[PDB]
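Colleague:
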Amino acid sequence: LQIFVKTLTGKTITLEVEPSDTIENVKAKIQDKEXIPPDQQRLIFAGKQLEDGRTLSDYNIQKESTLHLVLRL
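If you read the sequence shown in PDB author numbering, its first letter stands for residue 1, the second for the next number, and so on.
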């Protein structure tokens, strides 16, 4: 499964994910490519800021969905 992550910079990164991955698991994937601590990340799907501990399925995030990475601090 693959989703896209955009950033304020606007660079489009793609991630390999599992449908039952938590948002916390997605932040740890972004950490490894980008160097940003999870607690500094904030992720929007379709205008909605996502809560860690919930899963991509919980939010109907599926092949080719785009998440928007925003930084806290």
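Cβ atoms here follow ideal geometry from the backbone N, Cα and C, with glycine treated the same way.
For my contact list, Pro38 and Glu51 are in at a C-beta cut-off of 8 Å; report their separation, rounded to the angstrom.
Modeller: For this step, residue 38 is matched to residue 38 along the sequence shown. For this step, residue 51 is matched to residue 51 along the sequence shown. Not quite, the Cβ-Cβ distance comes to about 13 Å (not below 8 Å), so this is no contact.
Colleague: Under the rule that 16 or more other beta-carbon atoms within 10 Å means buried, what is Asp21, buried or exposed?
Modeller: Counted from its first residue, the sequence shown places residue 21 at position 21. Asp21 comes out buried.
Colleague: What residues in its chain sit with their C-beta under 6 Å from that of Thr12, if we drop five residues either side in the sequence?
Modeller: For this step, residue 12 is matched to residue 12 along the sequence shown. So the list reads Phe4 and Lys6, once near-sequence residues are dropped.
Colleague: To which residues does DSSP link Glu16 through a beta bridge?
Modeller: In the sequence shown, counting from the first residue as 1, residue 16 sits at position 16. Paired residues: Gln2.
Colleague: Taking only three categories from DSSP, how would you classify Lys33?
Modeller: Against the sequence shown, residue 33 aligns to sequence position 33. Three-state result, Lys33: helix.
Colleague: Could you check if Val70 is buried or exposed, using at least 16 other CB atoms within 10 Å of its CB as the buried criterion?
Modeller: Start at 1 with the first residue of the sequence shown, and residue 70 comes out as number 70. Exposed, by the Cβ-count rule.
Colleague: Can you give the beta carbon distance from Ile36 to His68, rounded, assuming they're within the 8 Å contact cut?
Modeller: Along the sequence shown, one-based indexing puts residue 36 at 36. Along the sequence shown, one-based indexing puts residue 68 at 68. Not a contact, Cβ separation roughly 14 Å.
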